[PDB]
Each structure stands twice: as structure tokens, then as C-alpha cells.
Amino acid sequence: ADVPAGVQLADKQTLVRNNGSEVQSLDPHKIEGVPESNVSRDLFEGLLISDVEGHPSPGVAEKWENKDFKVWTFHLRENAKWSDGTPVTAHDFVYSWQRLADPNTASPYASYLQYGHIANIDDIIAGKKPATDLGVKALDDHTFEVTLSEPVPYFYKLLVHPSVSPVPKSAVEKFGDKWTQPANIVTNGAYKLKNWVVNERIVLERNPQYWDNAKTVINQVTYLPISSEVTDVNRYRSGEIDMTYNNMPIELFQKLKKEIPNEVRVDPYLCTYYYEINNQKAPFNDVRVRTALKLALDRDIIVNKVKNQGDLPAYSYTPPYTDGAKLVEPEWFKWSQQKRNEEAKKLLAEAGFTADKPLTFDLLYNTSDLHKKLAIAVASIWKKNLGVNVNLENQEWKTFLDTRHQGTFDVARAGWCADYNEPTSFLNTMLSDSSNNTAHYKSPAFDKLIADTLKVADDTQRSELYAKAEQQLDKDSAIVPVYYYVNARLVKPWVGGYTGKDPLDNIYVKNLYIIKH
């Protein structure tokens, strides 16, 4: 943290943040969500980290070089240490990236190494080559060298993500799945784990061994698992919570900008809200059924009347304001809703659905005030505009993600936030073999367009290919885009250091501070 001259610091430097749900895990190789990553950034630090405005900056690596964007060499600071006092070395990173790549670890982010094109990753994922064949090596204790199979100019931007953070081999090997328990865990970020009560709280305390410990101000941070946005706001207003989670309650939100205008933060966010269709399951494997659902949803009602929290109606997967995005807005989005409805009805009738045999399916969502109210509204809009019947089903976060990976669903509420600011952070998740592909979409044409983006050596050709890739996705109606999120949350007047300038919202509690109040 960089406390501004003049600021009066509170005597007690503790913070309480809501985290939206109970985490899937605390192991960097077993997580995939925002809640999980919020806690991970405080405990595990990778090669690079984001600064307070979101720029890729020095983490464990203090400096790095690249040769033709294919061989990246990272010089690790010599005072980097784990919470047990032992050094963080290049060997830790070799072990860790090998564990991520290993099929036996079954990470949901195994494909992150394919996104960066580390040499030999495809063969390791497939079981053809051993994980020790991965294109990473320790040149010495403080030098980590990564070899890619082709030039990736934006490679370093990927390195702030939890999947590529280091994990402690000795603890993993001795305790197995219980290595993350408070008594066994070892961490290298600004904090360490003090307590973990499932469905109650996660308490972190300052890590004295952290290399930048002298700049850390907050001594303890608590992360809560409240999935009800209304309850999160209530506990914030009662005084218990200092920072809410960033998913807002339909019931209370508008009241808040009038009631407490200086505490309501609203900033740009590179995330897209959508309804995910299981593409491999009949009758959702029929493009007409998918297109009907896409067109019959009325974005103006939902975005402006139902939710009404600052969002923009979406027509794509990658947010149009992503660095490098130059998207073509489709003609259906410019039409009137009545024209969209007509076309949807015609396509469904062509699909084989009558009124004696209507289309009936499930709509899965994760427990939440926001998602429930929106799902009830969408169910009503689809019934009215298209004559379809939907059965709502709620599941807790960890169960919900599992269901989507397994393919045991019809349609599901979904949302993806960028991991790095570049269109492939979104587009790579729709590749046929991606570990992050929960739409179960497989398109050879789509895959080819993305493969060609690193075959060109200029950004104009690259951006045109990304635009074409979005058109392919839209053509196939892989998903039902709803709106582009905004990062809206409540932050007490006394919480300093939160700028809201980072469109990826990669917050580090080591950068915050409590002002005397």
C-alpha cells in the first residue's frame, strides 16, 4: 500500500469483504472463479502481479526479457520467500506448471498453458508425453525460462492469473488434498491462512516473510461467503462489512445511489452475462432452437426495466471494449423486438415444436437474488414471446460449476470475466478442446480462425480475425448474450486504495488501508 501524505490511519487495520459464495478450493490448480481468485491473490504470488490500476507489474520476477516473443526469461528476486521462511525458487515454478499441465491434476485451467503455447502442452494433456516434458526450466535457483511453440507478444499479460502461481511441493506431497488446511498450508503472497470455516468465513493474517511486507498495511482480512446480494448490503449497512461483493441486489440497488451516493462505486468491467446452451444435447444441438432463444430474449426489458443497474445490452461474447476488440454488430441486434420474436417463432416451428408438443427445458442458476429474479423474468419473457416452458433450478456455486462441466444441463445462467486484457482471454474458452469450455461447443471453423491469429505478425489482421471468430460464434448461436457487466459495489468511506481503475478488478488487500474514522 502507498498511503498518501496527510492521511490519518486507523489504529486497527482490519477489513471485512463479502466474497459472493463459498470457494471451490484454496489450491491454485483446482479453482476457476472470481470468488476463488479473490482469496488466491492474497495468498499465492506468481511471476507478475497487477498494480493498483491493473497494469502487469513485477511479482516474484523483478525483471524479464524475451527473444522473438518465444523464449521468455524471468529473473526472480532473491528475497522471495514462503511463509515458513524458505526461499521461492525457479524450481517451485517448474514443479507448479508441470502439476497444472498433468492430466492427473484435472485442473479446470489446464488449457491456460495452451493459451500461452508453452512447448509440448498438447501432448502432455493428451497423455502422449510426460509432464516433465513441458517447455519450462530452471536455469538456476533465481532464473525461470519458458519456451513457447510460436511467438506470443502478449504472453507476459497472462502471468498474473492464479493458475500459474506457485504451490509448495512438500506440503502437497505430504498432506495431499488437505495441504490447504490452516495447519498444513504454506503461502508466498502478502497474507497467510489463519482460519477456514466452510460456509461461515475465511480469515487471513499478514505474512511477515512476504518480500514486500514493509508496505502491507492491513493486518487481517475476513472473506465471507454470502450469496444473497440483499443480505450483503444489509450487513454492510449495519456496519459488519466494509466492502460488498460486486453482484448487486435488484431489491435495494437504486435506493442506495440516492441514500448513499459516495459509497456506491461503479466502474468498467470486462465481463459478459449470458445464458449458456449445452450444445451437445438435443434438442439444443439444433441451431434453429438456439437462435430462437437468442432472438426472443428482450434485452431492453431485462437490462433497463428488470435489473436496471448500469449494464449495456450484449450482442457478443467478448466485450466490445476489450483491448484489441473491433467487433461487427449483427443485424438482428438492430431490429425491433417484434421482428426478432417473429423470426424466433418461425425457427422453432421449423424445429418441430407445436403447441401440443411445446419446448420445455431447465434453466439452472447459482443461488443469488440477482440471478433468481433475472431467471424468473427471462422465463416469463420466453413464455410470452416464444411459447416455451422453463423449469428453474438453483444450485450452490461449487455444485453449479461441476454440473456445467459434466454437461448435465439444458440451459444455464453464465458469466465470464477476462483473465488478461486481450480478446483471446474470452475466445480461447470456446475452442473445442478447452478445459474452460462449458458450452460444449466444438467448431472446426472457429478453431481455425483462432489458430490463425498467431500466424500473422500485425494487430490489424489479428483484430479482423477476432471479429470473424465472434461472427462465427453468433452464426452458430453458441450462446445467448444478455449484457456486459459493470463493476458496482459498496465501499465504506474509510477504505483507501481501491481505485476501480482496473477493468479486470484484480484487487490485492496488501494495497488497501483503513483511514481513521
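From 1 onward, residues are counted along the sequence shown. We call the rigid core the largest set of C-alpha positions that still match within 1.5 Å between the two forms.
Original post:
After fitting on the rigid core, which stretch moves more in 9 other deposited structures of this protein, 381-389 or 68-76, going by C-alpha RMS?
Top reply: Clearly, after the core fit, the stretch farther away in 9 other deposited structures of this protein is 381-389.
Original post:
Relative to the presented form, and with the rigid core used for superposition, do the C-alpha atoms of 105-113 or of 272-280 deviate more in 9 other deposited structures of this protein?
Top reply: Farther on average in 9 other deposited structures of this protein: 272-280.
Subject >> Selected stretch [higher average CA B-factor]: 323-331 or 243-251 >> reply: Between 323-331 and 243-251, it is 243-251.
Subject >> Stretch with the greater mean C-alpha B-factor as recorded in the entry, comparing 486-494 against 34-42 >> reply: It is 486-494.
**OP:** Could you check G127, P153, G116, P162 and tell me which one carries the biggest Cα B-factor in the deposited entry?
**Re:** Out of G127, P153, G116, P162, the record gives the largest C-alpha B-factor to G127.
Original post:
Highest Cα B-factor in the deposition, which of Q98, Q220, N308, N428?
Top reply: Spelled out: the listed residue with the top C-alpha B-factor is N308.
Original post:
Can you tell me which third, lowest, middle or highest, the CA B-factor of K455 falls into for its chain?
Top reply: Answer is highest: the recorded C-alpha B-factor places it there.
Original post:
Ranked by Cα temperature factor within the chain, is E464 in the lowest third, the middle third or the highest third?
Top reply: Its C-alpha B-factor belongs to the highest third of this chain's values.
Subject >> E470, C-alpha B-factor rank within chain (lowest, middle or highest third) >> reply: Middle third by C-alpha B-factor.
**OP:** Name the third of the chain's ranked CA B-factors that contains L512, choosing lowest, middle or highest.
**Re:** Answer is lowest: the recorded C-alpha B-factor places it there.
Original post:
If you rank the chain by CA B-factor, which third does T14 end up in: lowest, middle or highest?
Top reply: According to the entry, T14 has a C-alpha B-factor in the chain's middle third.
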